[PDB]
Amino acid sequence: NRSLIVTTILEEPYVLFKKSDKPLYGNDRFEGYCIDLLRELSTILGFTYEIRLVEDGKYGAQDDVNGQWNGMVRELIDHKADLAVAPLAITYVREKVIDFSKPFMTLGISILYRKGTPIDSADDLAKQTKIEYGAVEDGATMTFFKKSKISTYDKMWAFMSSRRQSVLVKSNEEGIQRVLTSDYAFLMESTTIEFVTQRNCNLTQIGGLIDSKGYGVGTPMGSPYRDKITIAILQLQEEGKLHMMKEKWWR
Amino acid sequence: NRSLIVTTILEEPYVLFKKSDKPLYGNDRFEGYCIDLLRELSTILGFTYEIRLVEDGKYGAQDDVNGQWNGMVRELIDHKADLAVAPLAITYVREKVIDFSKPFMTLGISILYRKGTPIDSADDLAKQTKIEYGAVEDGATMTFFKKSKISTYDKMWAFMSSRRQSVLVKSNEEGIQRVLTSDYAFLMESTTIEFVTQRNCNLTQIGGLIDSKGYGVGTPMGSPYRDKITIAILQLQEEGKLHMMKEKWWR
Amino acid sequence: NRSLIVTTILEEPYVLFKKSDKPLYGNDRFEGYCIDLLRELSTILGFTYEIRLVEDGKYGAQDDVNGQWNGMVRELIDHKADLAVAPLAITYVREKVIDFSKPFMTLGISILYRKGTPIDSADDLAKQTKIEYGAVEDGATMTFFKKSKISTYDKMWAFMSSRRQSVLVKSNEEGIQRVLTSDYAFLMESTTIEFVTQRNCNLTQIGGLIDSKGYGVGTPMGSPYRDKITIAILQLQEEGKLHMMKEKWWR
Amino acid sequence: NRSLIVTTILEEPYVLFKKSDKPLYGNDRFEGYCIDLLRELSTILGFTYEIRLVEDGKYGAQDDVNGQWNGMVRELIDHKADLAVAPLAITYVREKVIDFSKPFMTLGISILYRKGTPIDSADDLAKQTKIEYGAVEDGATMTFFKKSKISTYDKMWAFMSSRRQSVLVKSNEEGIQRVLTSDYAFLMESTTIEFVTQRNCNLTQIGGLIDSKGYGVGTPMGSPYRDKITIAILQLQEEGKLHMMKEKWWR
């Protein structure tokens, strides 16, 4: 009955360093929606744990050359963690190498941009090359465009790909600052856009959702914990706890 | 220089009868998001108008037999109205018979149901036959399921169709009541679900968005007003007026 | 420049018949806080007037069956009076049919009862059915309970409603005597409770204020006099005249 | 059979240092409404006690960061006192961490200001930014505004918060002086306003009560003294002793 190693990633308001005038220890060092979720999972299912930040700082994507995965997905594959509790998108390509619990939140890719412009959709971005746009490198949004067969999205990936180092960023925070400082549109997940626009009155979502997906807890393929976590999540959902947590962290 | 005839439909909070102690006349008899939109359109483009409620009380669907359309769509086809300003979904099948302005709002089909249940997605509904589910008859949501080739949605339509008279309702309002008084789940548009859940704390959206679409102003095919209205809408969007209108009527 | 018809209602110490060994005429026939107020309004704004007692002897409520109003509210609606100067509560439902000046006095609903009992709140009354309680029929207090969604108040209305003819009275004076003669608690406005308890040492207020409201001068909707009266009232308030009038009539 | 430690706070006329030429000892060093109440409680329930002044000088509020409470509330939580007998407001947020006896007095938040001004309500204050307004830091009134969802009160808090160090004071006394020496309106409890206006003829309450609440004796959660104290208070209330105590200290 050893403590489980839970990998996650810094992402407001799901996971962040808790601030305090005095020293913090162990799990108390972190806070956020996913941290509250993890706590609930541990008491419902009866396990102890330790929080680890994904070492390469990535969510997870497959390398073009060697086909190897990185990020949290890879840490689960290599059994460097028992669980991945973070805003981790459940995707078909990931389901091939790791397992996911049922979703604890639903969302979709959308566009973050400055308000007061004539850009009103992805098509408005794809039809021009002046305004640059991108996404978080090695994340689910990037992979969506990289694998899309939809004309507009295919051309958008061709654009991003050709300017990979200039338009792909290392985090949502970096993408947001890019939007606030230059003529740049950012492809990010709707749930995070909701949080951002609520705090940056000069920003807004552009258009609707480009796709639909959900966040789930990740486990190494075959892990006996996956089905147990799904039971816990469904219980939290039904009792309205997940709704309560969303309200608390989004305000 | 005659006034334009604008067809619409009662649907809170887009269009409703304005309440007052003193007799109301003309366009002042109605109010709502779409009524405010119509007003802005008239002063920006320079036209006067009169509001008409779609005679058959339907949004618009194609008949299986004669293949003819009904509702607002049909009123436009037969030139019984110059414009249709309402929460009218822009869809491929409709675009074949009428024209649409660019969208003034984005949304997607989703599920409305009571809180505290184990139903967490459409799949949860489709895999069972105990709790019934449906949509508004002759609307875009019903048509979506009727034309879908996605397994889950395909069997969901088989279900609805076989119990058409018992599960398909005449309005969102009827559906909401059906949900509050019986084991029934309702397929409706996210923007309306948003309005409903904020006023019915026992209800909640189930899962995420099943599709993505937008509302646009409808015009008879070939109408010279379509492109002009698109220009007006984009201006209202860019200046933040559409966002202001949404906040005013949803709150 | 005809004299205005001012409707009011007998209610100590706002309005009462002035006593005198010799015959009294015109406006000299009445006295009280509201009569002093009316006089001030007439000289500040420059108008003459005649005092009329509301014919049906009611303050004003909407009928359940036909939705018609009665009391002073109805006399204003039917233009049977230019102004209503009395302890008339400014309420949302009334604002729909008549206009009110800014408040000239603030108050709240409370409970009048005998002292020396274990009843200490509305909850103490609502949890039992032995001690009866009520309010003035067709007044603002009755309407407050009739429209309240607050559990305790909802159950209290269910009680009063089921015993309407036995517990609802025609006036505060009738309610007070009911309290002095039988095991009965009376829901009345705090300002009047203040006057009563000061003269009936055996009575007392129970609990705090159940709501907050104010008294205002009523006028038919759209009356040009409403804003003028507000100016007069605010001036009287600022100079301390309203405070002086309260002290004079409450002692 | 040890004496109980009772925490309280200096606040006229509930608690103050008794003045005398000869040295005073023990409980005789204090006096006031709450000191008389405490005395009656001790003889009715059969306990001895010692009075302690809350060390941090605060009533009690929850910290935004660590979420910890301070003031008398915190002294009770940490069992640094057996009882808190003072004008301690019974509130929902406090009831989550400590217990309260039934109320021994009812009141509501209101506005204290100079007479002869055009300010007649909270709205009059909230619609302007010239004259400043505030409340006692870390008290129930401040918390009310900080948690309110009522538009007017919401913007009033935005105002106070943005000028926290300049408008939030350490005591009612500081607030009263702030009102007598500058263009400042003070949000304080009605029962205290009542005491102040009777001794400061230039001051007056503005508008009516903004909310309704009561003062109760606080105890650590689960304390066996809570229900016993409620019984004592209800007895004092029924016999008219609480009314007598109010008259004695307010006059």
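Chains here go by letter, A, B, C and D, matching the order in which they are written, and residues are numbered from 1 within each.
By definition in this document, a residue touches a chain if its C-beta (ideal position, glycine included) is under 8 Å from a C-beta of that chain, and two chains touch if they have at least 3 such contacts.
Chemist: Matching residue numbers in more than half of the contact pairs is the bar here; say which of C-D, A-D or B-C clears it relative to A-B.
Modeler: When the residue numbers line up for over half the pairs, the pair is C-D.
Chemist: Would you mind pulling out the distance in Å between where the CA atoms of chain C average out and where those of chain D do?
Modeler: So the centre of chain C lies 32 Å away from the centre of chain D.
Chemist: Chain B to chain C: how many Å between their CA centres?
Modeler: Spacing between the chain centres: roughly 47 Å.
Chemist: Rounded to a whole Å, what is the gap between the Cα centroids of chain B and chain D?
Modeler: 53
Chemist: Quick one: which residues in chain D touch 2 or more of the other chains?
Modeler: Not one residue in chain D touches at least two other chains.
Chemist: Work through the pairs of chains, note which ones touch, and then classify the graph as line, ring, star, complete or other.
Modeler: Contact map by chain: ring.
Chemist: For this entry, which pairs of chains touch?
Modeler: A-B, A-D, B-C, C-D
Chemist: Flag every residue of chain C that touches chain D in the complex, lowest number first.
Modeler: Checking each residue of chain C against chain D gives 102-103, 106-108, 115-118, 120, 204, 207-210, 212-214, 234, 237-240, 243.
Chemist: Which of the residues in chain A come into contact with chain D in the complex?
Modeler: Of all residues in chain A, those touching chain D are 19-21.
Chemist: Which of the residues in chain B come into contact with chain C in the complex?
Modeler: Per the touch definition, chain B meets chain C at residues 21-22.
Chemist: Considering only the defined contacts, which chain D positions touch chain A in the complex?
Modeler: 65-66
Chemist: Once bound in the complex, which stretches of chain C touch chain B?
Modeler: Residues 77, 96-97, 221 of chain C touch chain B in their complex.
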